[PDB]
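Shown next, in structure tokens, is the structure this report addresses.
Bear in mind these aren't lab numbers, they're just calculated from the coordinates by the rules spelled out. Please note: Cβ atoms are built from the backbone with ideal geometry, for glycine as well, and neighbour counts cover all protein chains shown.
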Ligand SMILES: Nc1ncnc2c1ncn2[C@@H]1O[C@H](COP(=O)(O)OP(=O)(O)O)[C@@H](O)[C@H]1O
Ligand SMILES: [Mg+2]
């Protein structure tokens, strides 16, 4: 019937007549294929004629170009297109997935299944699929019968928790701007049926944890993990939130075409003059080094409105106003730090300050003493053995120390804020079997990939390895249950090479950290050592490539998506993390909230390992979000961009891994009672017919409860059944004519 | 020779002109009334796959018809109970031994070769239950028994 949903029913699933008319779409598989193009580089066409090695084809847009016959792949039959789940696609191809996704999105179809994944595209308009009636309809619906939707996987996870009594986790990862936040918001209200508090707090976290990327304006750099603590009877009890992998490099440093976090620019907006007056802010972003080096401002966001939204979120919430004032004071103090000059003492390596007025403002902001802070920074004291001794610091060391201190205090601010909202939201009801909802940034591949991109790529690589391990474990468990195993090789080592190059000793990060402590280490030396220790020795590492005039590259890696080239310049300045301790004591001796407050690669590695060890305890669930186009036009979508994101998200590799074994498993009794039409003469007959099918027995495997075989055998069986039943129908027509 | 005598007696009985001549449109009907169940392909290939204009234009005598039935008698492809029941069971969604009449009508009109409504309606006349369904077992008994 499909009519329960009503208004959203056409969007959730098409009606029978459309399927019938599309099925009879007359196309000959022998003449329609996929040909590479020039600007989309993947298009569909039909061969006008075959001329040996070179074949000429006419495309839908209209062109008379010809290509070598080796570059054209088979096209999916019209009888099988617009499939709700593409896991069992008859012909798996890289552009076939793009074609199916665009054909569905043209019929305004959003959610699509890809096996264990759930691929969703981002439109730009309100939709009726989120109607509470739809939520009720999906209540208790499995993945198979119901049309694709995030609620289906949420209910599946809920049922898994109910029946197995174990934690469940749902992971979301897509290119920045794919709408992960919105999807999390929809799923959290689905669980709700406190969420109001979650949405109320969301703007603050977004503003304090986002910045404008060259591809997106509201990228969420850090990852979020929202845990819904349930009861023993599966009733909502409370909510917690955890944040991982905050990018200190963003706060300390910005790129040429990049902005800092939204908060600094928001307070730089003058529509709240009181804050500027009490922060001694000149309203000129170029007067602060930490922000000027990036992008001054953009017209996509009005800033002031975001500031008022964040202020509303803060004010009507668990915490008071003086705490907000303290937070603003400390943020302004962080802004102030980008103005000290210092100077190396003549005839000495120690450095003394010159502009002793920004220090005064900062000390007043924290309530510290300017002289004490300056003395601590210039001459830090450390306890050796049982006695305190001063240390010498040059201009570079003190600059690195102050940058590290500023970024560390910003990170601690973020963590404390997360704790505060979590405490406000938490309530004393019993907590049991929390459900985790993680969202993280995608596998971004820009034209100027750098250290931050490297860290994000490493995190994505670890996530992909976890996904592959989960698939291997599931398949091995299924094989053990069925008593027969196939391809008993784990897929982790199919991906472990990149991880080995990244994290293990003498790896890229280890080598960089080694450079950090070397007396005189420069970027040139870093590249030389990398080449010496890895060039040729490691398969993944290879020389950089210069294509269509990229700005520059230094080396490249072979990730699960493709060859990615990085850059070196600035990495040393972006990895040093000297955390002074005397100033930490000064903060701990401060009359302010700072009392409660108290290398980058190593801390990132530790945070990532904490995340993985937390995740391993939970049963995962995977979702994929992909933007249709750069422009906000909903209907149109760029084929190269979608294909690049599909490669990045690794849907194709996952489905291929699934296909490696014997995905098609059918109950012996069901097969015997259904597909016996092919060979009309429930176990002896099943095996007899299977043996008498006159097909090579290496393709299919004989089980006891479920018969297994590869998709190639399944398609051949289905088509020969179709022709056999066509012959039977023709015989019926002949008999009816005989009746005449 | 007695079988040939019966063939010619039926041919002249079906001859409305007395010249032992018939049209192509009724040759299949004669062959089927004589004990055959051929498809359009079989009745067209014996005539050489003529066109529509030649289908309704030329006439064939018993002498020229003798090779057709002689060759058709060498064909033993006529179907059986098991095949027909297996084919009709797939349409039995509820699996009680009955098939939807409307679904059967639509598939006959779209799938396979379409047939004139009156003959099939007469064939199923009384073969459908009070629910509008046809017990395909009794239908199979009826169609092939005659
Ligand atoms: N269900 C939806 N319907 C319409 N638009 C959506 C939906 N989900 C996301 N979007 C679009 O995505 C944008 C927000 O993306 P966002 O979640 O901030 O990306 P990120 O998670 O990378 O920050 C909005 O402009 C909105 O138009
Ligand atoms: Mg977001």
Of the residues in region A:368-401, how many are under 42 Å from the mean Cα position of the chain (by Cα) and farther than 25 Å from residue A:330 by Cα? 2
Among the residues of region A:197-224, which ones are assigned to a strand (DSSP E or B) and more than 10 Å from ligand 2 (Cβ to nearest atom)? A:211, A:223
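Kindly indicate which of A:398, A:382, A:437 is within 16 Å of ligand 2 (Cβ to nearest atom) and either away from chain B (no Cβ under 14 Å) or touching a helix residue (DSSP H, G or I) at 6+ places or on another chain (Cβ under 7 Å) (or both). Spell out how you get there, then give the answer.
Working: A:398 fails: within 16 Å of ligand 2 (Cβ to nearest atom); A:382 fails: within 16 Å of ligand 2 (Cβ to nearest atom).
Answer to the selection: A:437.
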Within region A:389-410, how many residues turn out to be assigned to a helix (DSSP H, G or I) and surrounded by 17 or more Cβ atoms within 10 Å (Cβ to Cβ)? 14
Exactly one of A:121, A:187, A:135 is away from every other protein chain (no Cβ under 14 Å) and near ligand 1 (Cβ under 10 Å from one of its atoms), and that one is A:121
Here are A:182, A:193: which of them is within 12 Å of ligand 1 (Cβ to nearest atom) and at negative phi? A:182
I need a count of the residues in region A:692-740 that are away from chain B (no Cβ under 14 Å) and assigned to a loop (DSSP other than H, G, I, E, B). 12
Name the residue that is nearest to residue A:400 (Cα to Cα), counting only residues in region A:244-261 that are in contact with a strand residue (DSSP E or B) (Cβ under 6 Å, 6 or more places away or on another chain) and surrounded by fewer than 19 Cβ atoms within 10 Å (Cβ to Cβ). A:245
Would you mind telling me which numbered condition in (1) away from every other protein chain (no Cβ under 14 Å); (2) surrounded by fewer than 15 Cβ atoms within 10 Å (Cβ to Cβ) residue A:681 fails? (1)
Take residue A:240 and decide whether it is outside any helix (DSSP H, G or I) and within 12 Å of ligand 2 (Cβ to nearest atom). no
If a residue has to be surrounded by 12 or more Cβ atoms within 10 Å (Cβ to Cβ) and in a loop (DSSP other than H, G, I, E, B) to count, how many in region A:523-542 make the cut? 4
Among the residues of region A:183-196, is any surrounded by fewer than 18 Cβ atoms within 10 Å (Cβ to Cβ) and assigned to a loop (DSSP other than H, G, I, E, B)? yes
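Out of A:491, A:443, which single residue is part of a loop (DSSP other than H, G, I, E, B), more than 14 Å from chain B (Cβ to nearest Cβ) and either touching a strand residue (DSSP E or B) at 6+ places or on another chain (Cβ under 6 Å) or within 16 Å of ligand 1 (Cβ to nearest atom) (or both)?
Working: A:491 fails: either touching a strand residue (DSSP E or B) at 6+ places or on another chain (Cβ under 6 Å) or within 16 Å of ligand 1 (Cβ to nearest atom) (or both).
Of the residues listed, the single one that is part of a loop (DSSP other than H, G, I, E, B), more than 14 Å from chain B (Cβ to nearest Cβ) and either touching a strand residue (DSSP E or B) at 6+ places or on another chain (Cβ under 6 Å) or within 16 Å of ligand 1 (Cβ to nearest atom) (or both) is A:443.
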When you scan region B:24-33, do you find a residue that is within 14 Å of chain A (Cβ to nearest Cβ), loosely packed, with under 11 Cβ neighbours inside 10 Å and assigned to a loop (DSSP other than H, G, I, E, B), even just one? yes
Looking at (1) in contact with a helix residue (DSSP H, G or I) (Cβ under 7 Å, 6 or more places away or on another chain); (2) exposed (fewer than 13 other Cβ atoms within 10 Å of the Cβ); (3) within 23 Å of residue A:245 (Cβ to Cβ), which one does residue A:485 not meet, given that it meets all the others? (3)
